[PDB]
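Encoded as structure tokens, the structure appears first; notes follow it.
Per chain, numbering begins at 1; letters A, B, ... match sequence-line order. The figures that follow rest on heavy atoms only: side chains count, while hydrogens, waters and symmetry mates do not.
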Amino acid sequence: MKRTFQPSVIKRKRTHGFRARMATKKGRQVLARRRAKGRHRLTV
Amino acid sequence: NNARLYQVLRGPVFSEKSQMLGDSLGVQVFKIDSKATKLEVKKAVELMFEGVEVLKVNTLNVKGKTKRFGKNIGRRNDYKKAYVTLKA
Amino acid sequence: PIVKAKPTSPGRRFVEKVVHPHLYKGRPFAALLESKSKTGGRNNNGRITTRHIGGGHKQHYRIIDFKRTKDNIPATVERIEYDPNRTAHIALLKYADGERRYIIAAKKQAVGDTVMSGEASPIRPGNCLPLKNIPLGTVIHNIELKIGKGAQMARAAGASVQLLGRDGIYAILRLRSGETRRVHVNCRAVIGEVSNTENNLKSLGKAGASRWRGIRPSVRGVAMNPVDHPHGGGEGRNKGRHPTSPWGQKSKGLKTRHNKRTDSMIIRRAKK
RNA sequence: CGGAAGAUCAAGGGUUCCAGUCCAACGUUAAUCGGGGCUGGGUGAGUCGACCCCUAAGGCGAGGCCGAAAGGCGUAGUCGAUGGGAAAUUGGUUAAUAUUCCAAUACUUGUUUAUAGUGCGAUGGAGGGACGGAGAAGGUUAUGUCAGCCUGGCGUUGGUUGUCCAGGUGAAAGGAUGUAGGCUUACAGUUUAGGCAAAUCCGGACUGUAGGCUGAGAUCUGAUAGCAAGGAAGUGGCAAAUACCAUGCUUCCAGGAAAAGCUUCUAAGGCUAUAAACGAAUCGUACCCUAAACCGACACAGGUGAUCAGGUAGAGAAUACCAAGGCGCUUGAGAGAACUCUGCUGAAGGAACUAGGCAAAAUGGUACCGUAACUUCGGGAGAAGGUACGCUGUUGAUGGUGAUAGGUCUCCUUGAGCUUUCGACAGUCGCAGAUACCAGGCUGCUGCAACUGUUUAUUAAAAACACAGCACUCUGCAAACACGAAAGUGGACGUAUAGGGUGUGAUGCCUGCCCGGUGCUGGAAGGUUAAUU
């Protein structure tokens, strides 16, 4: 049957990407948290 | 400038497609700089192989293959190659 | 007038359509047109603030000249058109200088006759006059409330207002709501009753016809659960409470009028 | 298998593509094989797509508004495709790319130079772009089929040099042309309460004078292309799309994007023809894509948008069998117990089964005849129920196309060949002719809900919800009401024939009594009554 993921690159980069994170104060806190944990993947 | 055309051509391509094209249509296949345009390839070839005139440049980017080694997953460089047709 | 559909289908058995053979069959005057996209009854917060709004046909906005300030330049009625944005018909006006406008078509307004705006204008359907140059007792529509703002009251299909009298700088009007009100005598009104008087005589016939107009279905409060509506709950059918809105506001007589600044402009209301 | 299990994409993936090599692990078995390991290779564009120009919803938003802070909103603008905007087709070629390479023949749009003429210029004005549902009659082509022609064949078994058999064989875009259709008065002059200024442009008002635009297709050219056995053919009939004419036409109401490119006009302050030479960057292009490569933990019976659409039957994109093409679904070998699953047949009986005809069996097509209660006059209804149906010969009528003649993409008459649709008569075979696949079971009484619809994704599809219709009530516009802290919004660029809330729920006949209680509405004489003082 139809499953939950249903990928789309435009939608992925527009809802989770680097610019979408950087465009809000809370997304920048997401990025700061990821950098402090040391993740090799910042954003989708 | 002239110090940019020296770095445009990175090396000839030695393969069966290359050899067939050189034998049949007299076209040269080069590995070129990843940021090089068709006009710079024209100028570079005509500059560095004196006495030849370029007819057409066809270029393409080819992605590098993901080749593992030991416990790692690496990948080869991307690169750009040009097909250069010459006035015979 | 009204025409009944033959009961060829159960969805056609109760269709009573308003039919006007004299309305323009062509397209509206494109210069007086604007794009207009649906809201779904959602505001700038994206929340539904007006329920039961959704879908329907695409429609352009026709720019209606509610103000009528091209005074003392006669206009001829080029055509009478259907307007998807309102219940009334709209008359395309062609002024002596060639400028075209849309106005609300009066009931007794046809193609070819000339309308006038200003103070020295005949008392004929379609003419726009300040309320002080309008004799008492004539039927008017498109009433201004502020001077120069444009017509606000009596604009729907079949609308009419009775000009009862004058008590100084105010004109006394009887509205279709049964409310006697005063309006500044320098405000304007248009002579005649608004066209399409058999609007409320029509019958949609089926649910799809209501959907075509952008009206989504309406779920009764007693058909819900108590977490949704004050009327929700109950084993079987039950009301249990005084009627209220989904926000707890009584719906059976409770008056909801706050405006203390406009209170002195209202003479009285009718009790039936 | 073949409206795919074939082919082209998009999305998504990312090398899975091709070759060589290897078989440990992976592959539900083995594997010499592989979408596995390893090593090489492979994606070529002015015309395809993106980028680019333009904008929709919706974002962000100099200033501005609002808000303890954080922030929220919003104007000018600036982004944002799923939409608008320039242009190529046939053939060949690789192991793997091809509208990209090669060949042939095209097209679009620029820069520079030169020759002439010469008022050019916009983010602004006006045009244009530019648009809905349904339906119908045509004209076509793609395509098919037969023929013609070319090349081979004389058949393991009666016959097969013929009215025989098989295979092959039809070049596009473009340029001319201007057809079937569709639309449609044209010009000149004067003047101007308009198009925010201006206008020679549009709009308006006056006066005389009397085929054009678009357009499928066919035709000509393109065109001595390419294509097999080793050097061949290559043009006629008929049928025919859901594609094209057609963004047409006709109708209807629920009344049908925007902006730019483009054509014109001017405002503040180069352009038009002729060519000649020279350009058209960058990014994608492999491969899967009804899937073993995407989403489902798997090489998972699920899901995944669009495009193409051969033959014989057939109404058909159903169905059956085939073509092109692609596959045999990654354990096999036996045996032929019980029992389980999936099917087929069944004496006599025929619902006795069971909670219940659940399941099964049965019906099933076309034409014609015939068809009850009741009804809102539409229906019910395909009610019910009957008859015919294959093939062969003869024969009547008839639609289309139209060679040949008689009187220039033309018209009129005759009409060969091909083809369509209805009959009649006579015969003939079988148990059976709608012979397979395919393909309504029907009826009587009664409860409920008017009906089409919607719903508990994953045990409930209903009598539940919705519904058109009805009523009550609120709401005079900065409306009531809703979101929000507010600014700002929706309601609505609506205006009481409107909008909100509530109940009820087509329609027919209708809807009695009670205002004590609790609400709601009106009133204020009296009693009580806050901060405050």
Side-chain angles (χ1 to χ4, degrees), chain C residues 1-7 9-25 28 36 38 41 50-57 59 61-62 64 66 77 79-91 102-110 125-126 137-143 145 151-164 173-181 189-218 220 243 245 251-253 255-257 269-272:
Chain C
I2 305 285
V3 317
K4 309 260 283 322
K6 297 288 187 71
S9 299
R12 292 281 294 185
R13 183 179 294 283
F14 306 102
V15 167
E16 280 137 23
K17 40 226 282 184
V18 174
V19 169
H20 293 287
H22 73 89
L23 301 170
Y24 197 55
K25 295 198 155 286
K36 196 205 51 143
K38 330 274 211 185
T50 331
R51 302 183 300 167
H52 319 138
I53 304 181
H57 201 292
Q59 53 205 10
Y61 185 71
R62 279 79 163 146
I64 308 305
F66 289 117
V77 175
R79 63 204 192 220
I80 292 169
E81 303 204 16
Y82 166 87
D83 199 341
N85 300 268
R86 66 203 65 251
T87 49
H89 301 156
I90 51 165
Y102 276 123
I103 62 162
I104 303 288
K107 162 78 163 263
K108 275 197 255 262
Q109 174 126 291
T138 167
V139 177
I140 46 175
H141 70 272
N142 274 11
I143 322 286
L145 284 181
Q152 304 214 94
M153 311 205 286
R155 315 195 323 194
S160 52
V161 172
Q162 321 293 126
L163 174 56
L164 293 188
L173 307 176
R174 207 209 290 300
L175 314 172
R176 299 248 334 152
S177 63
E179 169 190 298
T180 310
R181 190 200 208 286
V190 187
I191 289 93
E193 198 195 16
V194 171
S195 62
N196 198 17
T197 317
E198 58 280 53
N199 176 30
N200 61 341
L201 274 86
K202 86 192 171 315
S203 181
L204 260 44
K206 67 171 181 174
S210 192
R211 297 305 299 279
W212 300 335
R213 298 174 157 69
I215 302 162
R216 301 210 67 251
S218 182
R220 320 178 326 276
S245 64
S251 44
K252 284 286 139 58
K255 311 171 102 142
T256 66
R257 176 191 159 77
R269 300 147 180 102
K271 308 286 102 176
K272 272 186 289 171

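- Between C:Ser160 and C:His141, every side-chain heavy-atom pair lies at or beyond the 4.5 Å cut-off.
- The shortest non-hydrogen separation linking C:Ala156 to C:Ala88 is C-CB, 4.4 Å.
- Using modelled atom types, one side-chain atom of C:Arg155 and one backbone atom of C:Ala151 make a donor-acceptor pair closer than 3.5 Å.
- Using modelled atom types, one finds a donor on one side chain and an acceptor on the other under 3.5 Å when comparing C:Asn196 with C:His20.
- Heavy-atom minimum distance, C:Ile140 versus C:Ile191: CG2-CA, 4.3 Å.
- No donor-acceptor distance shorter than 3.5 angstrom exists from the side chain of C:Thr197 to the backbone of C:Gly158, with no hydrogens or angles considered.
- In this structure, C:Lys108 contributes its side chain and C:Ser195 its backbone to no donor-acceptor pair below 3.5 Å.
- Put simply, the side chain of C:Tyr82 does not reach to within 4.5 Å of the side chain of C:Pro28, judged on heavy atoms.
- Looking at C:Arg13 and C:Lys4, their side chains never come closer than 4.5 Å, going by heavy atoms from C-beta outward.
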Notebook entry, point to check: Step by step, would you call C:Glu16 with C:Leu201 a side-chain contact (heavy atoms from CB on, under 4.5 Å)?
Noted result: CA-CA 8 Å; C:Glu16 280 137 23; C:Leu201 274 86; over 6 Å; no
Notebook entry, point to check: Between C:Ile64 and C:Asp83, is a side-chain contact (heavy atoms from CB on, under 4.5 Å) present by the stated rule, with each step listed?
Noted result: CA-CA 10 Å; C:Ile64 308 305; C:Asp83 199 341; 3.8 Å; yes
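- Side-chain contact, C:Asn85 with C:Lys36: a donor N or O sits under 3.5 Å from an acceptor N or O.
- Summarising the geometry, atom CZ belonging to C:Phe66 is positioned 10.5 Å from atom CD1 belonging to C:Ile103; distances are rounded to the nearest 0.5 Å.
- Formation of a donor-acceptor pair under 3.5 Å by the C:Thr87 side chain with backbone atoms of C:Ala157 is found in this model.
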Note to self: Using the rule given for side-chain contact (heavy atoms from CB on, under 4.5 Å), can you reason through C:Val161 versus C:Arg176, listing the C-alpha separation, both sets of side-chain angles and the distance that settles it, and then say yes or no?
What the structure shows: CA-CA 7 Å; C:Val161 172; C:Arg176 299 248 334 152; 5.7 Å; no
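- A 4.5 Å side-chain heavy-atom check between C:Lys206 and C:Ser9 finds every atom pair outside the cut-off.
- What you find for C:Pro243 and C:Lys252 is that their closest heavy atoms are CG-CG, 3.7 Å.
- Both cation-pi conditions hold for C:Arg79 and C:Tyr24: the charged atom is under 6.0 angstrom from the six-membered ring centre and inside a 45 degree cone around its axis.
- Under the 4.5 Å side-chain criterion, counting only non-hydrogen atoms from C-beta, C:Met153 is in contact with C:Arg181.
- Rounded to the nearest 0.5 Å, atoms NZ (C:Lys25) and CD (C:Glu81) are 12.5 Å apart.
- Looking only at side-chain heavy atoms (C-beta outward), C:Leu173 and C:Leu163 come within less than 4.5 Å of each other.
- Looking at C:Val194 and C:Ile104, their side chains come closer than 4.5 Å, going by heavy atoms from C-beta outward.
- Contact of the C:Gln162 side chain with the C:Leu175 side chain is not registered, since no non-hydrogen atoms from C-beta on lie closer than 4.5 Å.
- Between the CD atom of C:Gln109 and the CD1 atom of C:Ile80 there is a distance of 6.5 Å, given to the nearest 0.5 Å.
- A distance of 8.5 Å separates CG of C:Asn199 from NE2 of C:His89, quoted to the nearest 0.5 Å.
- The minimum heavy-atom distance between C:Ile53 and C:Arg216, with the atom names listed, is C-CG, 3.7 Å.
- Annotation for C:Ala91 and C:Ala105: closest pair N-CB, 3.8 Å, computed over non-hydrogen atoms.
- Nearest heavy atoms, C:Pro1 versus C:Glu198: N-OE2, 3.3 Å.
- Atom CZ of residue C:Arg269 and atom CD of residue C:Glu179 lie 5.5 Å apart, to the nearest 0.5 angstrom.
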